[PDB]
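Shown below: protein.cif, with mmCIF, C-alpha atoms; chains and numbers go by the auth columns.
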data_coords
#
loop_
_atom_site.group_PDB
_atom_site.id
_atom_site.type_symbol
_atom_site.label_atom_id
_atom_site.label_comp_id
_atom_site.label_asym_id
_atom_site.label_seq_id
_atom_site.Cartn_x
_atom_site.Cartn_y
_atom_site.Cartn_z
_atom_site.B_iso_or_equiv
_atom_site.auth_seq_id
_atom_site.auth_asym_id
ATOM 1 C CA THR A 1 7.647 -58.585 -29.439 0.00 101 A
ATOM 2 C CA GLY A 2 7.538 -61.780 -31.476 0.00 102 A
ATOM 3 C CA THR A 3 10.321 -63.416 -29.468 0.00 103 A
ATOM 4 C CA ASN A 4 8.034 -63.980 -26.475 0.00 104 A
ATOM 5 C CA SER A 5 6.148 -67.282 -26.501 0.00 105 A
ATOM 6 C CA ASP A 6 2.488 -67.971 -25.731 0.00 106 A
ATOM 7 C CA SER A 7 3.182 -68.659 -22.050 0.00 107 A
ATOM 8 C CA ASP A 8 4.985 -65.315 -21.851 0.00 108 A
ATOM 9 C CA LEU A 9 1.961 -63.618 -23.423 0.00 109 A
ATOM 10 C CA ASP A 10 -0.363 -65.237 -20.875 0.00 110 A
ATOM 11 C CA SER A 11 1.873 -64.228 -17.962 0.00 111 A
ATOM 12 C CA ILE A 12 1.890 -60.649 -19.261 0.00 112 A
ATOM 13 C CA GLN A 13 -1.884 -60.671 -19.791 0.00 113 A
ATOM 14 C CA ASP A 14 -2.513 -61.780 -16.207 0.00 114 A
ATOM 15 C CA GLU A 15 -0.588 -58.802 -14.822 0.00 115 A
ATOM 16 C CA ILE A 16 -2.227 -56.356 -17.238 0.00 116 A
ATOM 17 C CA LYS A 17 -5.666 -57.641 -16.231 0.00 117 A
ATOM 18 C CA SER A 18 -4.724 -57.233 -12.568 0.00 118 A
ATOM 19 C CA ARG A 19 -3.634 -53.634 -13.185 0.00 119 A
ATOM 20 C CA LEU A 20 -6.799 -52.880 -15.163 0.00 120 A
ATOM 21 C CA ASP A 21 -8.972 -54.222 -12.344 0.00 121 A
ATOM 22 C CA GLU A 22 -6.920 -52.215 -9.842 0.00 122 A
ATOM 23 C CA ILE A 23 -7.702 -49.101 -11.890 0.00 123 A
ATOM 24 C CA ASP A 24 -11.435 -49.763 -11.542 0.00 124 A
ATOM 25 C CA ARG A 25 -10.992 -50.444 -7.823 0.00 125 A
ATOM 26 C CA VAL A 26 -9.087 -47.213 -7.156 0.00 126 A
ATOM 27 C CA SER A 27 -11.624 -45.311 -9.259 0.00 127 A
ATOM 28 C CA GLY A 28 -14.595 -46.661 -7.324 0.00 128 A
ATOM 29 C CA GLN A 29 -13.243 -46.646 -3.788 0.00 129 A
ATOM 30 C CA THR A 30 -11.949 -43.083 -3.397 0.00 130 A
ATOM 31 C CA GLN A 31 -14.498 -40.677 -1.932 0.00 131 A
ATOM 32 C CA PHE A 32 -14.534 -37.319 -0.150 0.00 132 A
ATOM 33 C CA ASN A 33 -16.954 -36.619 2.713 0.00 133 A
ATOM 34 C CA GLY A 34 -19.436 -39.270 1.630 0.00 134 A
ATOM 35 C CA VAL A 35 -19.113 -38.255 -2.036 0.00 135 A
ATOM 36 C CA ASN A 36 -17.160 -40.250 -4.617 0.00 136 A
ATOM 37 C CA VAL A 37 -15.441 -37.729 -6.883 0.00 137 A
ATOM 38 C CA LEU A 38 -14.683 -40.236 -9.651 0.00 138 A
ATOM 39 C CA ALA A 39 -17.916 -42.266 -9.529 0.00 139 A
ATOM 40 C CA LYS A 40 -20.115 -40.213 -11.861 0.00 140 A
ATOM 41 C CA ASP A 41 -19.813 -37.358 -14.322 0.00 141 A
ATOM 42 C CA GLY A 42 -21.258 -34.195 -12.818 0.00 142 A
ATOM 43 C CA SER A 43 -20.776 -30.624 -11.667 0.00 143 A
ATOM 44 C CA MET A 44 -19.711 -29.648 -8.145 0.00 144 A
ATOM 45 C CA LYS A 45 -20.526 -26.128 -6.948 0.00 145 A
ATOM 46 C CA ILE A 46 -18.239 -24.188 -4.603 0.00 146 A
ATOM 47 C CA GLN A 47 -20.115 -21.171 -3.239 0.00 147 A
ATOM 48 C CA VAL A 48 -17.215 -18.743 -2.803 0.00 148 A
ATOM 49 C CA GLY A 49 -19.208 -15.487 -2.802 0.00 149 A
ATOM 50 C CA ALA A 50 -20.820 -13.864 0.218 0.00 150 A
ATOM 51 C CA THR B 1 -21.876 -24.579 -0.599 0.00 101 B
ATOM 52 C CA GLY B 2 -22.049 -27.942 -2.341 0.00 102 B
ATOM 53 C CA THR B 3 -19.114 -29.521 -0.503 0.00 103 B
ATOM 54 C CA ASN B 4 -21.240 -30.246 2.572 0.00 104 B
ATOM 55 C CA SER B 5 -22.956 -33.623 2.333 0.00 105 B
ATOM 56 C CA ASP B 6 -26.671 -34.365 2.584 0.00 106 B
ATOM 57 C CA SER B 7 -26.408 -35.318 6.265 0.00 107 B
ATOM 58 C CA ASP B 8 -24.818 -31.927 6.964 0.00 108 B
ATOM 59 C CA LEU B 9 -27.829 -30.044 5.607 0.00 109 B
ATOM 60 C CA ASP B 10 -30.090 -31.823 8.097 0.00 110 B
ATOM 61 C CA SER B 11 -28.114 -30.549 11.098 0.00 111 B
ATOM 62 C CA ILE B 12 -27.863 -27.097 9.510 0.00 112 B
ATOM 63 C CA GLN B 13 -31.639 -27.020 9.006 0.00 113 B
ATOM 64 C CA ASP B 14 -32.209 -28.213 12.577 0.00 114 B
ATOM 65 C CA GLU B 15 -30.117 -25.349 13.947 0.00 115 B
ATOM 66 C CA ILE B 16 -31.865 -22.968 11.530 0.00 116 B
ATOM 67 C CA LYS B 17 -35.277 -24.080 12.790 0.00 117 B
ATOM 68 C CA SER B 18 -34.087 -23.629 16.371 0.00 118 B
ATOM 69 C CA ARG B 19 -33.029 -20.056 15.576 0.00 119 B
ATOM 70 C CA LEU B 20 -36.308 -19.296 13.782 0.00 120 B
ATOM 71 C CA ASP B 21 -38.324 -20.658 16.705 0.00 121 B
ATOM 72 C CA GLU B 22 -36.230 -18.545 19.077 0.00 122 B
ATOM 73 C CA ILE B 23 -36.986 -15.475 16.948 0.00 123 B
ATOM 74 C CA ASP B 24 -40.716 -16.203 17.041 0.00 124 B
ATOM 75 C CA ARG B 25 -40.529 -16.805 20.804 0.00 125 B
ATOM 76 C CA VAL B 26 -38.683 -13.562 21.549 0.00 126 B
ATOM 77 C CA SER B 27 -41.132 -11.704 19.307 0.00 127 B
ATOM 78 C CA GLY B 28 -44.152 -13.101 21.138 0.00 128 B
ATOM 79 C CA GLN B 29 -42.774 -12.893 24.671 0.00 129 B
ATOM 80 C CA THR B 30 -41.464 -9.334 24.892 0.00 130 B
ATOM 81 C CA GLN B 31 -43.890 -6.957 26.585 0.00 131 B
ATOM 82 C CA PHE B 32 -43.996 -3.748 28.620 0.00 132 B
ATOM 83 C CA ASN B 33 -46.453 -3.299 31.505 0.00 133 B
ATOM 84 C CA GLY B 34 -48.976 -5.876 30.326 0.00 134 B
ATOM 85 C CA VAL B 35 -48.637 -4.703 26.708 0.00 135 B
ATOM 86 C CA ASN B 36 -47.084 -6.959 24.062 0.00 136 B
ATOM 87 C CA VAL B 37 -45.113 -4.567 21.858 0.00 137 B
ATOM 88 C CA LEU B 38 -44.504 -6.995 18.980 0.00 138 B
ATOM 89 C CA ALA B 39 -47.741 -9.009 19.152 0.00 139 B
ATOM 90 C CA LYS B 40 -49.717 -6.788 16.770 0.00 140 B
ATOM 91 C CA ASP B 41 -48.982 -3.904 14.433 0.00 141 B
ATOM 92 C CA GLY B 42 -50.327 -0.855 16.229 0.00 142 B
ATOM 93 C CA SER B 43 -49.819 2.686 17.453 0.00 143 B
ATOM 94 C CA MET B 44 -49.257 4.182 20.906 0.00 144 B
ATOM 95 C CA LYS B 45 -49.625 7.924 21.509 0.00 145 B
ATOM 96 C CA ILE B 46 -47.695 9.668 24.282 0.00 146 B
ATOM 97 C CA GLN B 47 -49.498 12.716 25.671 0.00 147 B
ATOM 98 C CA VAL B 48 -46.788 15.382 25.983 0.00 148 B
ATOM 99 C CA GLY B 49 -48.997 18.480 25.880 0.00 149 B
ATOM 100 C CA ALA B 50 -50.878 20.086 28.760 0.00 150 B
#

So, in terms of structure tokens, how does the structure I just supplied come out?
Amino acid sequence: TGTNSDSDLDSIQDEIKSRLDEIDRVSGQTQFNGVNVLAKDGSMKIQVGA
Amino acid sequence: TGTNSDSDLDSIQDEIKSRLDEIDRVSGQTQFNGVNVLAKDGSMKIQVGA
């Protein structure tokens, strides 16, 4: 919106940057049984057959 | 199954090695009247005819 001034844009940008960094944090931190599910692209095998 | 972590496989392999050693031990130990049945592949003949 063009109504907002430069200070308003900076105040918005600070919060967006905080949210973006929080996204990276939540991505990195979560892990299951010593394995981070979201860390790397890969394939996880579930051996469901006897 | 791939869910179990790397540390899990070490304990699993330790228990596996314990079981394998127990199998080898029971194979070697068992004997009948000074004769180890499972020590060597062999034949024993029972004399059932006069």

To test your reading of the syntax: which residues would the PyMOL selection byres ((chain B) within 12 of (chain A)) return for the file shown? Reply as a ChimeraX atom specification. /B:101-108

Please produce chain B as a PDB file with C-alpha atoms, in the frame of the given file once it has been superposed on chain A, the fit using all Cα atoms paired in sequence order.
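superposed21.pdb written:
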ATOM      1  CA  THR B 101       7.554 -58.178 -29.461  1.00  0.00           C
ATOM      2  CA  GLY B 102       7.378 -61.546 -31.194  1.00  0.00           C
ATOM      3  CA  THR B 103      10.329 -63.113 -29.373  1.00  0.00           C
ATOM      4  CA  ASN B 104       8.227 -63.836 -26.282  1.00  0.00           C
ATOM      5  CA  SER B 105       6.518 -67.218 -26.501  1.00  0.00           C
ATOM      6  CA  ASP B 106       2.807 -67.969 -26.222  1.00  0.00           C
ATOM      7  CA  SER B 107       3.098 -68.913 -22.541  1.00  0.00           C
ATOM      8  CA  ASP B 108       4.684 -65.517 -21.861  1.00  0.00           C
ATOM      9  CA  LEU B 109       1.659 -63.644 -23.201  1.00  0.00           C
ATOM     10  CA  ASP B 110      -0.580 -65.424 -20.691  1.00  0.00           C
ATOM     11  CA  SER B 111       1.414 -64.138 -17.707  1.00  0.00           C
ATOM     12  CA  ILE B 112       1.645 -60.689 -19.304  1.00  0.00           C
ATOM     13  CA  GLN B 113      -2.135 -60.623 -19.782  1.00  0.00           C
ATOM     14  CA  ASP B 114      -2.676 -61.809 -16.204  1.00  0.00           C
ATOM     15  CA  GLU B 115      -0.582 -58.937 -14.855  1.00  0.00           C
ATOM     16  CA  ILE B 116      -2.353 -56.565 -17.265  1.00  0.00           C
ATOM     17  CA  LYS B 117      -5.753 -57.683 -15.979  1.00  0.00           C
ATOM     18  CA  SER B 118      -4.539 -57.221 -12.407  1.00  0.00           C
ATOM     19  CA  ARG B 119      -3.496 -53.647 -13.218  1.00  0.00           C
ATOM     20  CA  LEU B 120      -6.790 -52.900 -14.990  1.00  0.00           C
ATOM     21  CA  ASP B 121      -8.781 -54.260 -12.050  1.00  0.00           C
ATOM     22  CA  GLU B 122      -6.676 -52.137  -9.698  1.00  0.00           C
ATOM     23  CA  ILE B 123      -7.455 -49.073 -11.828  1.00  0.00           C
ATOM     24  CA  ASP B 124     -11.182 -49.811 -11.707  1.00  0.00           C
ATOM     25  CA  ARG B 125     -10.967 -50.404  -7.944  1.00  0.00           C
ATOM     26  CA  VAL B 126      -9.125 -47.154  -7.219  1.00  0.00           C
ATOM     27  CA  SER B 127     -11.594 -45.308  -9.448  1.00  0.00           C
ATOM     28  CA  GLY B 128     -14.597 -46.708  -7.593  1.00  0.00           C
ATOM     29  CA  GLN B 129     -13.195 -46.489  -4.070  1.00  0.00           C
ATOM     30  CA  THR B 130     -11.893 -42.926  -3.866  1.00  0.00           C
ATOM     31  CA  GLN B 131     -14.313 -40.551  -2.162  1.00  0.00           C
ATOM     32  CA  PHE B 132     -14.413 -37.338  -0.133  1.00  0.00           C
ATOM     33  CA  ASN B 133     -16.850 -36.889   2.768  1.00  0.00           C
ATOM     34  CA  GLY B 134     -19.375 -39.475   1.613  1.00  0.00           C
ATOM     35  CA  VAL B 135     -19.065 -38.309  -2.010  1.00  0.00           C
ATOM     36  CA  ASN B 136     -17.525 -40.567  -4.662  1.00  0.00           C
ATOM     37  CA  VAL B 137     -15.575 -38.175  -6.885  1.00  0.00           C
ATOM     38  CA  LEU B 138     -14.980 -40.608  -9.762  1.00  0.00           C
ATOM     39  CA  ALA B 139     -18.211 -42.630  -9.563  1.00  0.00           C
ATOM     40  CA  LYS B 140     -20.209 -40.419 -11.936  1.00  0.00           C
ATOM     41  CA  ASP B 141     -19.498 -37.539 -14.284  1.00  0.00           C
ATOM     42  CA  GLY B 142     -20.838 -34.489 -12.486  1.00  0.00           C
ATOM     43  CA  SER B 143     -20.331 -30.944 -11.273  1.00  0.00           C
ATOM     44  CA  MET B 144     -19.748 -29.439  -7.828  1.00  0.00           C
ATOM     45  CA  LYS B 145     -20.122 -25.696  -7.230  1.00  0.00           C
ATOM     46  CA  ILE B 146     -18.177 -23.941  -4.475  1.00  0.00           C
ATOM     47  CA  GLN B 147     -19.978 -20.895  -3.080  1.00  0.00           C
ATOM     48  CA  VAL B 148     -17.272 -18.221  -2.793  1.00  0.00           C
ATOM     49  CA  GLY B 149     -19.490 -15.129  -2.887  1.00  0.00           C
ATOM     50  CA  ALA B 150     -21.355 -13.521   0.002  1.00  0.00           C
TER      51      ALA B 150
END

Enumerate, as a ChimeraX atom specification, the residues matched when the PyMOL selection byres ((chain A and resi 139) around 9) is run on the file above. /A:127-131,135-138,140-141

Generate N, CA and C atoms for region 101-136 of chain A and emit them as a PDB file, keeping the file's coordinate frame.
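Contents of result.pdb, as written:
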ATOM      1  N   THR A 101       6.443 -57.946 -28.925  1.00  0.00           N
ATOM      2  CA  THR A 101       7.647 -58.585 -29.439  1.00  0.00           C
ATOM      3  C   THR A 101       7.363 -60.035 -29.811  1.00  0.00           C
ATOM      4  N   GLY A 102       7.818 -60.437 -31.000  1.00  0.00           N
ATOM      5  CA  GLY A 102       7.538 -61.780 -31.476  1.00  0.00           C
ATOM      6  C   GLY A 102       8.385 -62.847 -30.813  1.00  0.00           C
ATOM      7  N   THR A 103       9.460 -62.443 -30.135  1.00  0.00           N
ATOM      8  CA  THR A 103      10.321 -63.416 -29.468  1.00  0.00           C
ATOM      9  C   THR A 103       9.584 -64.127 -28.341  1.00  0.00           C
ATOM     10  N   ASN A 104       8.741 -63.401 -27.611  1.00  0.00           N
ATOM     11  CA  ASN A 104       8.034 -63.980 -26.475  1.00  0.00           C
ATOM     12  C   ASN A 104       7.066 -65.063 -26.936  1.00  0.00           C
ATOM     13  N   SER A 105       6.996 -66.150 -26.169  1.00  0.00           N
ATOM     14  CA  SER A 105       6.148 -67.282 -26.501  1.00  0.00           C
ATOM     15  C   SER A 105       4.750 -67.093 -25.915  1.00  0.00           C
ATOM     16  N   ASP A 106       3.878 -68.074 -26.165  1.00  0.00           N
ATOM     17  CA  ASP A 106       2.488 -67.971 -25.731  1.00  0.00           C
ATOM     18  C   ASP A 106       2.378 -67.911 -24.213  1.00  0.00           C
ATOM     19  N   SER A 107       3.186 -68.708 -23.507  1.00  0.00           N
ATOM     20  CA  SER A 107       3.182 -68.659 -22.050  1.00  0.00           C
ATOM     21  C   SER A 107       3.598 -67.282 -21.550  1.00  0.00           C
ATOM     22  N   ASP A 108       4.586 -66.671 -22.207  1.00  0.00           N
ATOM     23  CA  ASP A 108       4.985 -65.315 -21.851  1.00  0.00           C
ATOM     24  C   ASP A 108       3.837 -64.336 -22.062  1.00  0.00           C
ATOM     25  N   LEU A 109       3.106 -64.485 -23.169  1.00  0.00           N
ATOM     26  CA  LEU A 109       1.961 -63.618 -23.423  1.00  0.00           C
ATOM     27  C   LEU A 109       0.902 -63.775 -22.341  1.00  0.00           C
ATOM     28  N   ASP A 110       0.631 -65.014 -21.922  1.00  0.00           N
ATOM     29  CA  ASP A 110      -0.363 -65.237 -20.875  1.00  0.00           C
ATOM     30  C   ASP A 110       0.084 -64.640 -19.546  1.00  0.00           C
ATOM     31  N   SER A 111       1.367 -64.797 -19.206  1.00  0.00           N
ATOM     32  CA  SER A 111       1.873 -64.228 -17.962  1.00  0.00           C
ATOM     33  C   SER A 111       1.792 -62.707 -17.981  1.00  0.00           C
ATOM     34  N   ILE A 112       2.064 -62.094 -19.135  1.00  0.00           N
ATOM     35  CA  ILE A 112       1.890 -60.649 -19.261  1.00  0.00           C
ATOM     36  C   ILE A 112       0.422 -60.273 -19.102  1.00  0.00           C
ATOM     37  N   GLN A 113      -0.464 -61.000 -19.787  1.00  0.00           N
ATOM     38  CA  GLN A 113      -1.884 -60.671 -19.791  1.00  0.00           C
ATOM     39  C   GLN A 113      -2.475 -60.738 -18.391  1.00  0.00           C
ATOM     40  N   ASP A 114      -2.031 -61.704 -17.584  1.00  0.00           N
ATOM     41  CA  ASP A 114      -2.513 -61.780 -16.207  1.00  0.00           C
ATOM     42  C   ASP A 114      -2.210 -60.492 -15.449  1.00  0.00           C
ATOM     43  N   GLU A 115      -0.976 -59.998 -15.561  1.00  0.00           N
ATOM     44  CA  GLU A 115      -0.588 -58.802 -14.822  1.00  0.00           C
ATOM     45  C   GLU A 115      -1.312 -57.571 -15.356  1.00  0.00           C
ATOM     46  N   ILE A 116      -1.493 -57.490 -16.677  1.00  0.00           N
ATOM     47  CA  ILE A 116      -2.227 -56.356 -17.238  1.00  0.00           C
ATOM     48  C   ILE A 116      -3.677 -56.368 -16.772  1.00  0.00           C
ATOM     49  N   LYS A 117      -4.299 -57.548 -16.731  1.00  0.00           N
ATOM     50  CA  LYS A 117      -5.666 -57.641 -16.231  1.00  0.00           C
ATOM     51  C   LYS A 117      -5.741 -57.229 -14.768  1.00  0.00           C
ATOM     52  N   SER A 118      -4.753 -57.641 -13.970  1.00  0.00           N
ATOM     53  CA  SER A 118      -4.724 -57.233 -12.568  1.00  0.00           C
ATOM     54  C   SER A 118      -4.625 -55.718 -12.437  1.00  0.00           C
ATOM     55  N   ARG A 119      -3.753 -55.089 -13.230  1.00  0.00           N
ATOM     56  CA  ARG A 119      -3.634 -53.634 -13.185  1.00  0.00           C
ATOM     57  C   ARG A 119      -4.920 -52.952 -13.632  1.00  0.00           C
ATOM     58  N   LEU A 120      -5.557 -53.474 -14.683  1.00  0.00           N
ATOM     59  CA  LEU A 120      -6.799 -52.880 -15.163  1.00  0.00           C
ATOM     60  C   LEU A 120      -7.893 -52.963 -14.108  1.00  0.00           C
ATOM     61  N   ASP A 121      -7.988 -54.099 -13.414  1.00  0.00           N
ATOM     62  CA  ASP A 121      -8.972 -54.222 -12.344  1.00  0.00           C
ATOM     63  C   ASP A 121      -8.627 -53.310 -11.172  1.00  0.00           C
ATOM     64  N   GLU A 122      -7.332 -53.140 -10.891  1.00  0.00           N
ATOM     65  CA  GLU A 122      -6.920 -52.215  -9.842  1.00  0.00           C
ATOM     66  C   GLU A 122      -7.312 -50.785 -10.187  1.00  0.00           C
ATOM     67  N   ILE A 123      -7.273 -50.435 -11.474  1.00  0.00           N
ATOM     68  CA  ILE A 123      -7.702 -49.101 -11.890  1.00  0.00           C
ATOM     69  C   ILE A 123      -9.177 -48.889 -11.569  1.00  0.00           C
ATOM     70  N   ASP A 124     -10.019 -49.876 -11.881  1.00  0.00           N
ATOM     71  CA  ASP A 124     -11.435 -49.763 -11.542  1.00  0.00           C
ATOM     72  C   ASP A 124     -11.632 -49.684 -10.034  1.00  0.00           C
ATOM     73  N   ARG A 125     -10.868 -50.474  -9.277  1.00  0.00           N
ATOM     74  CA  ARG A 125     -10.992 -50.444  -7.823  1.00  0.00           C
ATOM     75  C   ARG A 125     -10.645 -49.066  -7.269  1.00  0.00           C
ATOM     76  N   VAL A 126      -9.498 -48.515  -7.670  1.00  0.00           N
ATOM     77  CA  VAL A 126      -9.087 -47.213  -7.156  1.00  0.00           C
ATOM     78  C   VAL A 126     -10.060 -46.131  -7.606  1.00  0.00           C
ATOM     79  N   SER A 127     -10.614 -46.262  -8.812  1.00  0.00           N
ATOM     80  CA  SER A 127     -11.624 -45.311  -9.259  1.00  0.00           C
ATOM     81  C   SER A 127     -12.851 -45.349  -8.360  1.00  0.00           C
ATOM     82  N   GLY A 128     -13.369 -46.549  -8.095  1.00  0.00           N
ATOM     83  CA  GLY A 128     -14.595 -46.661  -7.324  1.00  0.00           C
ATOM     84  C   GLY A 128     -14.436 -46.280  -5.863  1.00  0.00           C
ATOM     85  N   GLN A 129     -13.322 -46.681  -5.245  1.00  0.00           N
ATOM     86  CA  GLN A 129     -13.243 -46.646  -3.788  1.00  0.00           C
ATOM     87  C   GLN A 129     -13.070 -45.228  -3.254  1.00  0.00           C
ATOM     88  N   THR A 130     -12.248 -44.414  -3.915  1.00  0.00           N
ATOM     89  CA  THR A 130     -11.949 -43.083  -3.397  1.00  0.00           C
ATOM     90  C   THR A 130     -13.211 -42.237  -3.298  1.00  0.00           C
ATOM     91  N   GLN A 131     -13.337 -41.516  -2.187  1.00  0.00           N
ATOM     92  CA  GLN A 131     -14.498 -40.677  -1.932  1.00  0.00           C
ATOM     93  C   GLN A 131     -14.116 -39.603  -0.926  1.00  0.00           C
ATOM     94  N   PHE A 132     -14.771 -38.450  -1.039  1.00  0.00           N
ATOM     95  CA  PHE A 132     -14.534 -37.319  -0.150  1.00  0.00           C
ATOM     96  C   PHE A 132     -15.835 -36.960   0.551  1.00  0.00           C
ATOM     97  N   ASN A 133     -15.835 -37.059   1.881  1.00  0.00           N
ATOM     98  CA  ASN A 133     -16.954 -36.619   2.713  1.00  0.00           C
ATOM     99  C   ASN A 133     -18.270 -37.251   2.267  1.00  0.00           C
ATOM    100  N   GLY A 134     -18.251 -38.566   2.066  1.00  0.00           N
ATOM    101  CA  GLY A 134     -19.436 -39.270   1.630  1.00  0.00           C
ATOM    102  C   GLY A 134     -19.767 -39.112   0.166  1.00  0.00           C
ATOM    103  N   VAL A 135     -18.896 -38.474  -0.612  1.00  0.00           N
ATOM    104  CA  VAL A 135     -19.113 -38.255  -2.036  1.00  0.00           C
ATOM    105  C   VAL A 135     -17.923 -38.818  -2.796  1.00  0.00           C
ATOM    106  N   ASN A 136     -18.194 -39.707  -3.747  1.00  0.00           N
ATOM    107  CA  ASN A 136     -17.160 -40.250  -4.617  1.00  0.00           C
ATOM    108  C   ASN A 136     -16.936 -39.282  -5.772  1.00  0.00           C
TER     109      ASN A 136
END
